[PDB]
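File shown here: data23.cif, holding mmCIF, C-alpha atoms.
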```cif
data_coords
loop_
_atom_site.label_atom_id
_atom_site.label_comp_id
_atom_site.auth_asym_id
_atom_site.auth_seq_id
_atom_site.Cartn_x
_atom_site.Cartn_y
_atom_site.Cartn_z
CA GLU A 329 21.53 11.90 5.82
CA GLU A 330 20.89 10.71 2.26
CA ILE A 331 22.59 7.36 2.92
CA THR A 332 20.14 6.67 5.74
CA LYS A 333 17.26 7.63 3.44
CA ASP A 334 18.46 5.22 0.76
CA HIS A 335 18.88 2.35 3.22
CA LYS A 336 15.47 3.02 4.78
CA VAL A 337 13.81 3.04 1.35
CA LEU A 338 15.48 -0.25 0.44
CA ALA A 339 14.48 -1.82 3.77
CA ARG A 340 10.90 -0.60 3.39
CA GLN A 341 10.67 -2.10 -0.09
CA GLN A 342 12.06 -5.41 1.18
CA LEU A 343 9.46 -5.42 3.97
CA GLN A 344 6.73 -4.65 1.42
CA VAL A 345 7.87 -7.60 -0.71
CA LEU A 346 7.81 -9.85 2.35
CA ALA A 347 4.32 -8.67 3.31
CA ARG A 348 3.06 -9.29 -0.22
CA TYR A 349 4.51 -12.80 -0.10
CA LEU A 350 2.88 -13.39 3.30
CA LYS A 351 -0.51 -12.15 2.00
CA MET A 352 -0.80 -9.76 4.95
CA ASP A 353 -2.56 -6.40 4.63
CA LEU A 354 -0.64 -3.75 6.56
CA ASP A 355 -3.46 -1.16 6.40
CA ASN A 356 -6.37 -3.36 7.53
CA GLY A 357 -6.25 -1.96 11.06
CA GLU A 358 -6.23 1.67 9.95
CA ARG A 359 -9.11 1.00 7.55
CA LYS A 360 -11.21 -0.50 10.34
CA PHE A 361 -10.20 2.32 12.69
CA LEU A 362 -11.39 4.94 10.24
CA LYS A 363 -14.72 3.16 9.80
CA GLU A 364 -15.13 3.01 13.58
CA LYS A 365 -14.32 6.72 13.95
CA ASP A 366 -17.08 7.51 11.49
CA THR A 367 -19.56 5.36 13.38
CA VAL A 368 -18.59 7.26 16.53
CA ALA A 369 -19.35 10.59 14.94
CA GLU A 370 -22.68 9.35 13.74
CA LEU A 371 -23.67 8.17 17.23
CA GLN A 372 -22.33 11.38 18.78
CA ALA A 373 -24.47 13.40 16.43
CA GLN A 374 -27.55 11.52 17.44
CA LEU A 375 -26.74 12.08 21.11
CA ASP A 376 -26.06 15.76 20.49
CA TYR A 377 -29.40 16.20 18.76
CA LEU A 378 -31.23 14.53 21.64
CA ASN A 379 -29.45 16.78 24.16
CA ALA A 380 -30.27 19.87 22.18
CA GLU A 381 -33.90 18.72 22.09
CA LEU A 382 -34.33 17.63 25.73
CA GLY A 383 -31.69 19.74 27.47
CA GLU A 384 -29.07 18.68 29.93
CA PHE A 385 -31.21 18.90 33.04
CA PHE A 386 -33.79 16.45 31.64
CA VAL A 387 -31.25 14.04 30.09
CA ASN A 388 -29.23 13.81 33.26
CA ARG B 340 7.56 -13.58 8.86
CA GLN B 341 10.60 -13.32 11.12
CA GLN B 342 12.53 -11.46 8.40
CA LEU B 343 9.62 -9.04 8.01
CA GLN B 344 9.50 -8.56 11.79
CA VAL B 345 13.23 -7.75 11.80
CA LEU B 346 12.71 -5.24 8.99
CA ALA B 347 9.79 -3.61 10.82
CA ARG B 348 11.84 -3.33 14.01
CA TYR B 349 14.66 -1.69 12.04
CA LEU B 350 12.16 0.71 10.43
CA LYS B 351 10.67 1.61 13.84
CA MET B 352 7.17 0.88 12.55
CA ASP B 353 4.45 -0.50 14.82
CA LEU B 354 2.40 -3.10 12.94
CA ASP B 355 -0.40 -3.21 15.55
CA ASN B 356 -1.02 0.53 15.95
CA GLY B 357 -4.07 0.42 13.69
CA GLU B 358 -5.67 -2.51 15.49
CA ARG B 359 -5.03 -0.87 18.86
CA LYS B 360 -6.77 2.32 17.73
CA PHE B 361 -9.59 0.30 16.18
CA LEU B 362 -10.25 -1.51 19.43
CA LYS B 363 -10.32 1.76 21.35
CA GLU B 364 -12.79 3.18 18.82
CA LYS B 365 -15.02 0.09 19.07
CA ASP B 366 -15.21 0.60 22.81
CA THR B 367 -16.13 4.25 22.40
CA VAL B 368 -18.89 3.13 20.03
CA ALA B 369 -20.35 0.77 22.59
CA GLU B 370 -20.30 3.46 25.21
CA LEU B 371 -22.18 5.90 22.97
CA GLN B 372 -24.60 3.16 21.89
CA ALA B 373 -25.37 2.42 25.50
CA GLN B 374 -26.18 6.01 26.19
CA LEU B 375 -28.49 6.11 23.16
CA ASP B 376 -30.13 2.85 24.20
CA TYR B 377 -30.82 4.18 27.69
CA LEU B 378 -32.39 7.34 26.28
CA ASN B 379 -34.60 5.28 23.95
CA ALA B 380 -35.69 3.03 26.76
CA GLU B 381 -36.53 6.14 28.79
CA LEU B 382 -38.32 8.21 26.12
CA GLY B 383 -39.57 5.49 23.77
CA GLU B 384 -39.27 5.27 20.04
CA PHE B 385 -42.33 7.33 19.19
CA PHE B 386 -41.05 10.35 21.16
CA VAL B 387 -37.40 10.03 20.02
CA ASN B 388 -38.34 9.80 16.38
CA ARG C 340 12.79 -12.44 -8.14
CA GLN C 341 11.09 -9.48 -6.48
CA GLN C 342 13.84 -9.31 -3.84
CA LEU C 343 16.47 -9.33 -6.59
CA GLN C 344 14.57 -6.58 -8.43
CA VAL C 345 14.54 -4.48 -5.25
CA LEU C 346 18.28 -5.02 -4.83
CA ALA C 347 18.95 -4.06 -8.46
CA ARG C 348 16.87 -0.89 -8.08
CA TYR C 349 18.85 0.01 -4.96
CA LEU C 350 22.12 -0.65 -6.81
CA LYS C 351 21.01 1.53 -9.76
CA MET C 352 21.84 -1.28 -12.20
CA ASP C 353 19.86 -1.79 -15.40
CA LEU C 354 19.35 -5.51 -16.02
CA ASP C 355 18.16 -5.05 -19.63
CA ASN C 356 20.93 -2.75 -20.90
CA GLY C 357 22.75 -5.62 -22.60
CA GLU C 358 19.66 -6.92 -24.38
CA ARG C 359 18.78 -3.40 -25.53
CA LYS C 360 22.24 -2.93 -27.03
CA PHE C 361 22.11 -6.42 -28.56
CA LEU C 362 18.85 -5.65 -30.31
CA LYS C 363 20.23 -2.40 -31.70
CA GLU C 364 23.30 -4.26 -32.97
CA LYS C 365 21.14 -6.95 -34.61
CA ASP C 366 19.30 -4.24 -36.50
CA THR C 367 22.54 -2.67 -37.67
CA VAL C 368 23.59 -6.11 -38.91
CA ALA C 369 20.47 -6.49 -40.99
CA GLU C 370 20.96 -3.08 -42.48
CA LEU C 371 24.53 -3.87 -43.52
CA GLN C 372 23.49 -7.30 -44.80
CA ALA C 373 20.86 -5.69 -46.95
CA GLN C 374 23.37 -3.39 -48.49
CA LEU C 375 25.68 -6.32 -49.22
CA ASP C 376 22.81 -8.33 -50.67
CA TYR C 377 21.85 -5.50 -53.00
CA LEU C 378 25.43 -5.17 -54.23
CA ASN C 379 25.63 -8.92 -54.87
CA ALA C 380 22.37 -8.91 -56.74
CA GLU C 381 23.70 -6.01 -58.83
CA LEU C 382 27.23 -7.28 -59.54
CA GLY C 383 26.76 -11.04 -59.22
CA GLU C 384 28.80 -13.52 -57.29
CA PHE C 385 31.45 -14.14 -59.92
CA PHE C 386 32.38 -10.43 -60.09
CA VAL C 387 32.19 -9.81 -56.31
CA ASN C 388 34.37 -12.77 -55.51
#
```
Show the structure stored in the file as structure tokens.
Amino acid sequence: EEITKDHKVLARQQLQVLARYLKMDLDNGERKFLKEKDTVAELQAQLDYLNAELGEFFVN
Amino acid sequence: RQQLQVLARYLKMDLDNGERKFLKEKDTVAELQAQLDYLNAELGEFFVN
Amino acid sequence: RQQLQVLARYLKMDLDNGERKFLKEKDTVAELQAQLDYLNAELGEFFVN
């Protein structure tokens, strides 16, 4: 199992070198996703406050 | 780029997973924003604030 | 160069071992030369030869 680990580490480092040469950020998508998930929780919190204030019967 | 694609395929790593999740999250945001916008058009800003 | 560095790291090969040893040897040379120079300044060239 260690041989596979060594080869995977080498391949990952080669891919990292290639990405650095290509000037491509591999974590841009995850960064944006995490920002969007935070915006969702903010909006959900606003909606939850309005439903706790007005009630479900009124809001629906 | 093709060499990097080959390496990613060998490593079983999806390079577009983050963008896929980001686009799903952006759609959820617009849904929630639309609900909030309807409630503000119904109650008005003075009441909601 | 970065690809070659990655390959060397995978092969567990030190690329600067030779230069390290060379620099140690050059220092040993200067120590021995200094001893010889002191003995020649003490005895003189006519006696030493």
Exercise. Separation of atom CA of residue 368 of chain A and atom CA of residue 367 of chain B, in Å?
Worked result: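 Result for atom CA of residue 368 of chain A versus atom CA of residue 367 of chain B: 7.0 Å, one decimal.
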I need the residue set behind the PyMOL selection byres ((chain B) within 8 of (chain A)) for this file; please write it as a PDB file with C-alpha atoms, in the frame of the given file.
```
ATOM      1  CA  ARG B 340       7.560 -13.580   8.860  1.00  0.00           C
ATOM      2  CA  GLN B 342      12.530 -11.460   8.400  1.00  0.00           C
ATOM      3  CA  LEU B 343       9.620  -9.040   8.010  1.00  0.00           C
ATOM      4  CA  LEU B 346      12.710  -5.240   8.990  1.00  0.00           C
ATOM      5  CA  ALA B 347       9.790  -3.610  10.820  1.00  0.00           C
ATOM      6  CA  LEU B 350      12.160   0.710  10.430  1.00  0.00           C
ATOM      7  CA  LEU B 354       2.400  -3.100  12.940  1.00  0.00           C
ATOM      8  CA  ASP B 355      -0.400  -3.210  15.550  1.00  0.00           C
ATOM      9  CA  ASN B 356      -1.020   0.530  15.950  1.00  0.00           C
ATOM     10  CA  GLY B 357      -4.070   0.420  13.690  1.00  0.00           C
ATOM     11  CA  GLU B 358      -5.670  -2.510  15.490  1.00  0.00           C
ATOM     12  CA  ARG B 359      -5.030  -0.870  18.860  1.00  0.00           C
ATOM     13  CA  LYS B 360      -6.770   2.320  17.730  1.00  0.00           C
ATOM     14  CA  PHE B 361      -9.590   0.300  16.180  1.00  0.00           C
ATOM     15  CA  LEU B 362     -10.250  -1.510  19.430  1.00  0.00           C
ATOM     16  CA  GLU B 364     -12.790   3.180  18.820  1.00  0.00           C
ATOM     17  CA  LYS B 365     -15.020   0.090  19.070  1.00  0.00           C
ATOM     18  CA  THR B 367     -16.130   4.250  22.400  1.00  0.00           C
ATOM     19  CA  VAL B 368     -18.890   3.130  20.030  1.00  0.00           C
ATOM     20  CA  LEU B 371     -22.180   5.900  22.970  1.00  0.00           C
ATOM     21  CA  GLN B 372     -24.600   3.160  21.890  1.00  0.00           C
ATOM     22  CA  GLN B 374     -26.180   6.010  26.190  1.00  0.00           C
ATOM     23  CA  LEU B 375     -28.490   6.110  23.160  1.00  0.00           C
ATOM     24  CA  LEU B 378     -32.390   7.340  26.280  1.00  0.00           C
ATOM     25  CA  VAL B 387     -37.400  10.030  20.020  1.00  0.00           C
TER      26      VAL B 387
END
```
For this session: Would you mind reading off the distance between atom CA of residue 363 of chain B and atom CA of residue 345 of chain B, one decimal, in Å?
Result: 27.1 Å
Problem set entry | Between atom CA of residue 388 of chain A and atom CA of residue 373 of chain A, distance in Å (one decimal) | 17.5 Å
With 4 Å on each side, where is the centre of the axis-aligned box around all listed atoms of segment 384-387 of chain A, and how long are its edges in Å to one decimal, as AutoDock Vina command-line options?
```
--center_x -31.4 --center_y 16.5 --center_z 31.5 --size_x 12.7 --size_y 12.9 --size_z 11.1
```
Just save segment 337-374 of chain A with N, CA, C and O atoms, as a compact mmCIF listing (two decimals), in the first residue's frame.
```txt
# COMPACT_ATOMS: atom_id res chain seq x y z
N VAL A 337 1.62 10.53 -4.23
CA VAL A 337 2.21 11.78 -3.78
C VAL A 337 3.04 12.41 -4.90
O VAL A 337 2.97 13.62 -5.14
N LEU A 338 3.82 11.59 -5.60
CA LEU A 338 4.61 12.11 -6.71
C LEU A 338 3.71 12.69 -7.80
O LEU A 338 3.97 13.78 -8.31
N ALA A 339 2.65 11.97 -8.15
CA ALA A 339 1.74 12.44 -9.19
C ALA A 339 1.06 13.73 -8.77
O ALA A 339 0.88 14.65 -9.58
N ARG A 340 0.65 13.82 -7.50
CA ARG A 340 0.01 15.03 -7.02
C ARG A 340 0.96 16.22 -7.08
O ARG A 340 0.56 17.33 -7.44
N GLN A 341 2.23 16.00 -6.73
CA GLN A 341 3.19 17.10 -6.81
C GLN A 341 3.44 17.51 -8.25
O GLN A 341 3.59 18.71 -8.55
N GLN A 342 3.49 16.55 -9.17
CA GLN A 342 3.63 16.90 -10.59
C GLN A 342 2.45 17.72 -11.07
O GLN A 342 2.61 18.71 -11.80
N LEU A 343 1.24 17.33 -10.67
CA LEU A 343 0.04 18.07 -11.06
C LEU A 343 0.06 19.47 -10.46
O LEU A 343 -0.36 20.44 -11.10
N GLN A 344 0.53 19.60 -9.21
CA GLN A 344 0.65 20.92 -8.60
C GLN A 344 1.63 21.80 -9.37
O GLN A 344 1.38 22.98 -9.59
N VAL A 345 2.76 21.22 -9.79
CA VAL A 345 3.73 21.98 -10.58
C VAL A 345 3.09 22.44 -11.88
O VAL A 345 3.26 23.59 -12.31
N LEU A 346 2.35 21.54 -12.54
CA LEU A 346 1.71 21.90 -13.80
C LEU A 346 0.68 23.01 -13.60
O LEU A 346 0.58 23.93 -14.41
N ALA A 347 -0.10 22.93 -12.52
CA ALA A 347 -1.09 23.97 -12.24
C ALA A 347 -0.42 25.31 -11.96
O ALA A 347 -0.91 26.35 -12.40
N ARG A 348 0.69 25.30 -11.22
CA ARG A 348 1.41 26.54 -10.97
C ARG A 348 1.96 27.13 -12.26
O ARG A 348 1.95 28.36 -12.44
N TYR A 349 2.45 26.29 -13.16
CA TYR A 349 2.90 26.78 -14.46
C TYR A 349 1.75 27.33 -15.29
O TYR A 349 1.93 28.31 -16.02
N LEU A 350 0.57 26.73 -15.19
CA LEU A 350 -0.59 27.18 -15.95
C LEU A 350 -1.30 28.36 -15.29
O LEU A 350 -2.28 28.86 -15.86
N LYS A 351 -0.85 28.80 -14.12
CA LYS A 351 -1.46 29.93 -13.42
C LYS A 351 -2.95 29.70 -13.21
O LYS A 351 -3.79 30.57 -13.46
N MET A 352 -3.29 28.50 -12.74
CA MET A 352 -4.67 28.12 -12.49
C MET A 352 -4.83 27.82 -11.00
O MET A 352 -4.08 27.03 -10.44
N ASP A 353 -5.81 28.48 -10.38
CA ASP A 353 -6.10 28.26 -8.97
C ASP A 353 -7.07 27.10 -8.83
O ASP A 353 -8.19 27.15 -9.36
N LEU A 354 -6.64 26.05 -8.14
CA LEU A 354 -7.46 24.85 -7.98
C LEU A 354 -8.51 24.98 -6.89
O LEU A 354 -9.43 24.16 -6.84
N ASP A 355 -8.40 25.98 -6.01
CA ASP A 355 -9.34 26.16 -4.91
C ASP A 355 -10.25 27.36 -5.09
O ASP A 355 -10.94 27.74 -4.14
N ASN A 356 -10.28 27.96 -6.28
CA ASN A 356 -11.15 29.11 -6.51
C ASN A 356 -12.62 28.73 -6.33
O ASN A 356 -13.39 29.45 -5.68
N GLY A 357 -13.00 27.58 -6.88
CA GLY A 357 -14.39 27.16 -6.80
C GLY A 357 -14.85 26.92 -5.37
O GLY A 357 -15.94 27.33 -4.98
N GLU A 358 -14.01 26.25 -4.58
CA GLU A 358 -14.37 25.99 -3.19
C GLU A 358 -14.45 27.29 -2.39
O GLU A 358 -15.32 27.44 -1.52
N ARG A 359 -13.54 28.23 -2.66
CA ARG A 359 -13.59 29.52 -1.99
C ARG A 359 -14.92 30.22 -2.27
O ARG A 359 -15.61 30.68 -1.35
N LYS A 360 -15.30 30.29 -3.55
CA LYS A 360 -16.56 30.92 -3.90
C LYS A 360 -17.74 30.17 -3.30
O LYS A 360 -18.73 30.79 -2.87
N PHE A 361 -17.67 28.84 -3.26
CA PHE A 361 -18.75 28.05 -2.69
C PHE A 361 -18.94 28.35 -1.21
O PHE A 361 -20.07 28.46 -0.73
N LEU A 362 -17.86 28.56 -0.50
CA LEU A 362 -17.94 28.79 0.92
C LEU A 362 -18.47 30.19 1.17
O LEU A 362 -19.18 30.40 2.13
N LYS A 363 -18.12 31.15 0.35
CA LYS A 363 -18.73 32.48 0.45
C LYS A 363 -20.23 32.41 0.19
O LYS A 363 -21.03 33.03 0.91
N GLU A 364 -20.64 31.65 -0.83
CA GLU A 364 -22.06 31.54 -1.15
C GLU A 364 -22.82 30.86 -0.02
O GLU A 364 -23.96 31.23 0.28
N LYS A 365 -22.27 29.84 0.59
CA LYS A 365 -22.91 29.16 1.71
C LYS A 365 -23.11 30.07 2.90
O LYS A 365 -24.05 29.90 3.64
N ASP A 366 -22.23 31.04 3.08
CA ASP A 366 -22.39 31.99 4.16
C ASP A 366 -23.47 32.98 3.81
O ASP A 366 -24.28 33.31 4.65
N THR A 367 -23.52 33.44 2.57
CA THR A 367 -24.63 34.30 2.16
C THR A 367 -25.97 33.59 2.34
O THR A 367 -26.96 34.21 2.76
N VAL A 368 -26.05 32.31 2.05
CA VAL A 368 -27.28 31.57 2.25
C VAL A 368 -27.71 31.58 3.69
O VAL A 368 -28.88 31.74 3.98
N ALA A 369 -26.79 31.40 4.61
CA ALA A 369 -27.15 31.34 6.01
C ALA A 369 -27.56 32.71 6.48
O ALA A 369 -28.41 32.84 7.33
N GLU A 370 -26.96 33.75 5.93
CA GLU A 370 -27.45 35.08 6.32
C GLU A 370 -28.90 35.28 5.87
O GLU A 370 -29.76 35.71 6.66
N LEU A 371 -29.19 34.99 4.60
CA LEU A 371 -30.56 35.16 4.11
C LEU A 371 -31.53 34.25 4.85
O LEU A 371 -32.66 34.65 5.16
N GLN A 372 -31.15 33.02 5.16
CA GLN A 372 -32.01 32.13 5.90
C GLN A 372 -32.33 32.66 7.27
O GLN A 372 -33.40 32.41 7.78
N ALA A 373 -31.40 33.36 7.87
CA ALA A 373 -31.59 33.89 9.20
C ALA A 373 -32.55 35.02 9.15
O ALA A 373 -33.34 35.18 10.05
N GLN A 374 -32.45 35.83 8.12
CA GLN A 374 -33.46 36.89 7.97
C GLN A 374 -34.85 36.30 7.79
O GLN A 374 -35.82 36.75 8.43
```
